[PDB]
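After the C-alpha cells below, expect a handful of questions from me.
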Amino acid sequence: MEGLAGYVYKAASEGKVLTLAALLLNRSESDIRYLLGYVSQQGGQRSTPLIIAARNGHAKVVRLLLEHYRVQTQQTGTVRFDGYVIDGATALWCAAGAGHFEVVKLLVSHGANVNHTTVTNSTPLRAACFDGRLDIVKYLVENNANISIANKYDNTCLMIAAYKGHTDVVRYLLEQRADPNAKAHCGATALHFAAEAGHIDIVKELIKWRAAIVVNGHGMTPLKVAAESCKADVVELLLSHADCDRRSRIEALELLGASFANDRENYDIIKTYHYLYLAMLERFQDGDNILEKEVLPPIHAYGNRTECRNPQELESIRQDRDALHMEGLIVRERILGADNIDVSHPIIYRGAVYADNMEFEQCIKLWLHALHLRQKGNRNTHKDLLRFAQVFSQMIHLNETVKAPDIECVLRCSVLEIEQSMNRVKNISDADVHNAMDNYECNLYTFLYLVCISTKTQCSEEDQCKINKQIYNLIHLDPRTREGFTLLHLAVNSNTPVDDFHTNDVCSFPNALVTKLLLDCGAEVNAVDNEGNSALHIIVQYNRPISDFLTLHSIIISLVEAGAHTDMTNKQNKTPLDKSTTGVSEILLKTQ
Amino acid sequence: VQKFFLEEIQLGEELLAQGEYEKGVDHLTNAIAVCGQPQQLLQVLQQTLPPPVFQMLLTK
Amino acid sequence: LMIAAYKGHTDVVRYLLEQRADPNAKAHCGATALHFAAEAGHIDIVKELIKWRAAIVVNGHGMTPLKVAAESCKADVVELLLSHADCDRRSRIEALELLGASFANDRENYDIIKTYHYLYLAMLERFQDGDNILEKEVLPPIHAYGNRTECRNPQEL
Amino acid sequence: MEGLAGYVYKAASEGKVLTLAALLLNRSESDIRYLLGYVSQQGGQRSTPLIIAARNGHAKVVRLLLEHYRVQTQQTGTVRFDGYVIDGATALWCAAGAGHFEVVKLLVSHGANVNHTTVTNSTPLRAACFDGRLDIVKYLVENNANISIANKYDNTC
Amino acid sequence: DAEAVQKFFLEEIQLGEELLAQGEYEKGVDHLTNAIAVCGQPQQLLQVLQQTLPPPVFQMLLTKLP
Amino acid sequence: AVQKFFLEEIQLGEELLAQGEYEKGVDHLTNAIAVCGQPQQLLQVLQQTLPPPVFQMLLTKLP
C-alpha cells in the first residue's frame, strides 16, 4: 500500500486529528497496522507516523493513534535533521531528538525505552542534551537514564550539553551524581568544550562540583584551550582555582589577546595589545629567575621579524597591525606547535586581510605557512590550495607580480597533498569514501587551477623546471577520475568547471598551454576513460571551434604528435572523425 | 459510496482541529454517523476533542 | 525586444518572445532583434533567439547578422548563427575571414594570431573538398594596403 | 579632539556617514576610537555615536561601525528617554527599544550582547516586548538569548 | 496660521520630516507636534496624517496630539 | 578645499541622493573624489553608499 500509507502518514505528520480518527478506525485492523508501522517515501525517512508527529510535537495526535492501535513505542525510524543524517532511535528518543517535551512525558508513562540507543548510541538524555532542552533532560534523569552514555567518540551526554552554552542543563547532570571528567575519543572534557566558547558560567558549575581538572587528550589544559580562543574569562576563572601556573598564565593572556584580533569574527587590537602587554609585564614581573619566550626566528613564509622581547617593545609595533599580529602569532606557534589546527587558522586570516587590504605580496607569502603548518599535521588543504589560485588570479587583475619560489612551494606541497589525498581514499574504507572521492578530485582541480594561473603569470626558469616536475609527478601517478579521465583528459575536456572567482578570467579550458606542458612530461595520449574515449576523442567532441580556435589549433598539432591513433575507438565503437560533430574540428583532425 | 463519507469524516471537522470547533464539531456530528463506523468515529472524535468537549461533540 | 537585446538583460528578452511577439520585428535602420545583440557578446540572448527561430536577415546595409556578429568580434554568437537553420557554406567561409579581419585592426580586439587562424579556418574549408573547388574573387590590388592580391592559397597565407 | 567627537556624534545622531568618515579620514585607530568612544552626556543623558546610530535606525551607519570600524556594543547609554533615562545600554538593546528590526537582526548577526543586565538588570528582550515588535522578539528567541530575565522588582518580560 | 508661525510651521514640517526619515521618531514627532498645534487646519492635516506616518508612528503621534 | 570644501561636495550629492536626481548627486560626488586627499581608500566606502543603479554613474565619472 502506497497511497494509504502516506494518507495515514498525513493523518499524523500535519497534525490533522480527524483523519487519524477515520483511518485507524472505520476500517480493518490488519491493513492499518502495516500503514502505521512506518513510512517508505514520505519525507525521505523510515519512521512511524507517530514518530514524525513526535518530531513536530503533535501530542494530541499521538495520543489518538495509541487509543486505536498501540504502536510499539520502542520502534525506531530514520530522522534526518540537525547533527548529520541520522537513522534515529525510538519515538521517545525522537521526541527528545526534536526537543519536544509534549511527547516525551506521554510515552514514558505509556511505556518507552528510557536508554534507547541510536546509530551514534544516543540515549534520549543525550538527544535532549543535543538540543539542550532542560525539561526533557530533567525528565530522563527522573526516569533514571544513564548519566554517562558515552558516544562513539566517547562523548558523554554531559559533554554533549557542554558543546553549547547550556549553563543550566550542564549543571543539572552534575546535580545527578555526574562528575565532569568523561574524556572523549580525543580526551575532550566539558571543561575544555566550555573553554572553547569561553563559558565562564558552565566552567564555574564544573568548579562548583569540585570533581577534577586536567588536560585533554591533546595535552591542552582548559586554560590553554581557552587561550587559543578569544575569551579570557575561563583563564581568569581558573586563576581562582590556582590551576594557572605562571608559565601557563602568561602564555594564556598572550594567546588570548592575539586571537581577539587574528580572527574573522573577532578583530580588536586594543585588547590584543593590552593582553600581550599585561602578560609580558607579568612575564617581566618575576624579577629574579626570570622566564621569557622561547625565541623563534621568523618563518620564511610568515613574516620577517621574530617575536618581541620587552613588554614595551611591542607597543611601538601596535601602529602597524601586521607586526603585532605576527608578534602575537609567534608566541602561539611556539607553545601550540606546528600541527595544531587552531593556531593554523590565524595564518589564513592575516592573508585574507592582506587580500582585503591589497597586500598581495604579503598575502601569498604568509599563506605559504598555512599550507606548511597543515602539512605538519598531515591534513587536507583542498580549501587552502583553492584560495591560493583565487588570489593568484586576483593579483593578476591588480597586476602585482608573483614570486616564482612562492608559486613553486605551494605547487610542490600541493602534489604532496594530492598524494596524501590519493592516499586518503586508500586510507578510509566506508566512512566518507564518497567524500574522499571528491577530496582527491577537487585537489587535482585546484592544482589545475594553480598550474593554469602559473602559466599566465611570471615564473623563473629554474622554478618552471620544478613547476613542470609537479606536472610530471601527477602524470606518473595518473589520477583516474570517476568518469575515467586523467590529468591530460581533465584539461582537454571543455566541461571542466572553473571556480567562481577570477580563475574564470585566467582559465581557458580546453587549455592548450596546460595540455602542451602535459605531453612533454609523458602524458598518456592513448588513455581511455570510462566510455573508452581517448584524448583525441574528447577534444574533437568540442562544439566551439570558432570562439577559442587558438586553443584548438595549438592542441590538434600537439596531441596528434604525441602518438595518438587516428583510428582509435571508444567503448561505443565511434571513430575520432565520426564523433567530431563539427566540420571545423574534424578538418584539423583529418589533417593530422 | 463510503469514500465520500470517509472524506466527510476526514475534512468535515477541518476547522475543529484549527481551533474553530463551532463549525467543525457540529459538522462532525452528522459526519460521524455518515461513516461506516458511527460509534467508533464519534467516540474517536470525542477523544480527539477535550474530555469536557467529548460530551459536546456527541450531543451535537 | 530590441531595447532589451541591446543590453544584457536576457530575462526580459526570453520573457518577451514568449508573449506572442515576433523576433523578426525589424527596424528600418537594419536591426532585426539580433543585430542589437551583436555588440556586447550577448551569448544568452542569442541562444534564446536561435531556439525561437531568429529568422536571419540582413540589415539596411545588407550585412548579414552573421557578419554583424563578426563586426563586434563576438565569436560566441558567430557559432550560433552559423549552425542555425541553413549552414550557407558560401557565407560560412567568409564569416571567419570577416571575424578575423578586425582582430588585427581593432582597438577593442587586437589578436594578430587569431587573424591568421580565422583565415586558416576559411582556407581550410575552402580547399578541403578537392573537386568543385572555390577561390577568392581577384580584386585589383589597393595601393593603401600595399599591393596584395588577398590570400587565395594557404601557402601564401 | 573633543570638537571632532562632538562632530561625529552630531553626524551619527542625524545619520550621515561620509561626514564622520571624512572626519575620521587618515586617522589612527586611537583618536578614531576616542571619537567613537564619545560617551559624554548630550542633553543631560549619556549617549554614544554607535549607540545613537543604533537608536536612530539607519542600518548602514551601524553596519559600517561594526564591520569597517572598531567599536564594541559594550557601552553606556539611554534605554527609555521618557521618565527612565537609565544607563548601561547595549546598542542592540537601544535598537530593540527603538524598534528597528533590521538594526536588531544586524547587531545580533554581528555578535552583540543579548543577555546584558544594566543597573536595573533589564534585558533587550523586555524592551522588545515593551515596543511590541513580534519580529524582534522572534529573532531574539530564535537566537536563544534568555526567557527569564527579570527587573529589580522581579518584573518578567 | 500665517506670519512667523507659518515659517515656524513649515520649519517643523521640514525638520519633523528629516528626523522621522533619519529615525529620531521621538524628536521628530515632537517637532511635528508643535507643527500641528500651530497648524492652520490641524483636523484637515490629520486626514493626510492618517497615511503619512506608519500606524505605530501615527499612534505614537496620537499619544502626543493632546 | 581638501577637507573643508570637500565635505559639502558630498553634502550637495547627499541631498541630491535624497532628492532623486542621482546624476547631479554623482556630479557633486565625482568632484569630491577628484579633490579628495585619499580617494582610493573610499573605494570600499563608496561601493555601498548608493543604490545599485547609481553605482554605474559613479564609476564611469571618476576617470
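Think of it as A, B, C, D, E and F in the order they're written, each chain with its own count starting at 1.
Here is the rule we use: a residue touches a chain if its C-beta (ideal position, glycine included) is under 8 Å from a C-beta of that chain, and two chains touch if they have at least 3 such contacts.
Each chain and its UniProt protein: A = Protein fem-1 homolog B.
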*asked:* Using the touch definition from the top, how many steps at minimum link chain C to chain D?
replied: 2
*Select the chain at the greatest separation from chain B, using centres from the mean of Cα atoms.*
C
*Counting C-beta pairs in contact, does A-B beat A-C or the other way around?*
A-B
*Please list the single chain whose C-alpha centre lies closest to the global protein C-alpha centre.*
A
*Cα-centroid distance, chain A relative to chain D, in whole angstrom*: 35
*Between chain B and chain D, tell me the centre distance in angstrom, where each centre is the average of that chain's C-alpha atoms.*
54
*Just give me the whole-number Å value for how far the CA centre of chain D lies from that of chain E.*
26
*asked:* I need the residues of chain A touching at least two other chains; which ones are they?
replied: none
*All pairs of touching chains, each written as two labels joined by a dash*: A-B, A-C, A-D, D-E, D-F
_Sites on chain C touched by chain A in the complex_ = 75-76, 78-79, 82, 96, 99, 111, 113-114, 117-118, 120-121, 124-125, 128
_chain A residues touching chain B - in the complex, by the definition given at the top_ = 15-26, 60, 64, 67-68
*Give every residue of chain D touching chain A within the complex, in rising order.*
28-29, 33, 70, 72, 111
*Given the complex with chain D, which residues does chain A contribute to the contact?*
265, 267-270, 319
_Help me check something: in the complex, which residues belonging to chain D touch chain E?_
13-15, 55-58, 81-82, 98-100, 132
